[PDB]
């Protein structure tokens, strides 16, 4: 079972676009967290493997995923980083839970199709 890069891009990119369409919830996820710019210099002490929407998009566009689960792993790494770093009462944390709900809804029919 081998997946062509364009097969993964066509199937999976719409699920990433579904996340981008969430406003305001996708806004903290669209670019790599910049700890110095944001004034949160502890970020990289807590989050060892950053991930965000732009990076996943680039990996999809440049054929970095060989299997659907590798893309799913990156989306979930993004979510887990956000729940790990941010407090449960914070915007980023609540927004992460919304994106996880949206992603779950969108990814399962795509997985059934792949």
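Numbering follows the first chain given and starts at 1. Here, rigid core means the biggest group of C-alpha atoms that superpose within 1.5 Å across both forms.
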(message) After superposing on the rigid core, which of 57 to 65 and 35 to 43 has its C-alpha atoms sitting farther from this form in 7 other deposited structures of this protein?
(response) 35 to 43
(request) Read off the CA B-factors in the entry, average them over 72 to 80 and over 34 to 42, and name the higher stretch. (result) 34 to 42
(request) With reference to the PDB entry, specify whether the mean Cα temperature factor is higher for 89 to 97 or for 5 to 13. (result) 5 to 13
(request) Using the B-factor values recorded in the entry, state whether the Cα atom of residue 60 falls in the lowest, middle or highest third among the modelled residues of its chain. (result) highest
(message) Ranking the modelled residues of this chain by C-alpha B-factor as given in the entry, is residue 49 in the lowest, middle or highest third?
(response) highest
